[PDB]
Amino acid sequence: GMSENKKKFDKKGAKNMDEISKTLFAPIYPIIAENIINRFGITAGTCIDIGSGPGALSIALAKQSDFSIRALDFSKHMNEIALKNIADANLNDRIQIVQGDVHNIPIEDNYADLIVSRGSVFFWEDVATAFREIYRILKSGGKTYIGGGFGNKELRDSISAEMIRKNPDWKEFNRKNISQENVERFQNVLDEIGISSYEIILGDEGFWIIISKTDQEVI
């Protein structure tokens, strides 16, 4: 017997993500990057983009800041595309592609000034372990922006209409992702870890987990 197989984040899936990233979703990346810059005022140092995929968020951040960026993704197929995209954009000097998993990040302790992630958290198995790793690699005084969304209401609404036409079931998955179910879920995850300082936000720009590493309250 034989089979032809399709699974998430494989070569075919990476191509689909890349195509959408370059077309329908393209405008969201500069907006999200701008939102991140404006929110925290971090414009240099080290930034880790977790679940970077075809690399569009990293590329947008590079174009608006002076960060040294590492784009971490567990899919070889995503990383092959991201490498090409980064090179095409003349950003090889700005963004390093790192093959690896959020559950065992190949980065030293206390390294990152900023950790960002779009559209990955909703897929992670073992989120407690993932968030312990995220906290481990975050520098004291560092910030995160981990979640999903479209940057602003106008883009959210226009893109959603098109996504629903293409992929009707996306409507319900997106509705589950960008909601209070995840605010509750992730509050509970961070609380089990014992994180002293965070915000989890939900609004027109999306759903985002914003951890601040600070000297802890229990001493």
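Quick note: we count residues from 1 along the sequence shown, nothing fancier.
Visitor: Identify the stretch, either 69 to 77 or 105 to 113, whose C-alpha atoms have the larger mean B-factor according to the entry.
Guide: Going by the record's values, the stretch with the higher mean is 105 to 113.
Visitor: When the Cα temperature factors in the entry are averaged, is it 24 to 32 or 164 to 172 that ends up higher?
Guide: 164 to 172 has the higher mean C-alpha B-factor.
Visitor: Identify, among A89, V121, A130, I95, the residue whose C-alpha carries the highest B-factor in the deposited PDB entry.
Guide: Going by the entry's C-alpha B-factors, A89 comes out highest.
Visitor: So where's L57 on the chain's Cα temperature factor ranking, which third?
Guide: Middle third - that is where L57 ends up once the chain's C-alpha B-factors are sorted.
Visitor: Grab the CA temperature factor for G151 from the record and place it in the lowest, middle or highest third of its chain.
Guide: Highest third.
Visitor: Divide the modelled residues of the chain into thirds by Cα B-factor and specify which third, lowest, middle or highest, holds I178.
Guide: Tercile = highest for this residue's CA B-factor.
Visitor: Considering only modelled residues of the same chain, in which third does the CA B-factor of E205 rank: lowest, middle or highest?
Guide: For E205, whose C-alpha B-factor we compare with every modelled residue in the chain, the answer is the highest third.
Visitor: Within this chain, which third does the Cα B-factor at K213 fall in: lowest, middle or highest?
Guide: As the PDB entry reports it, the C-alpha B-factor of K213 lands in the highest third of its chain.
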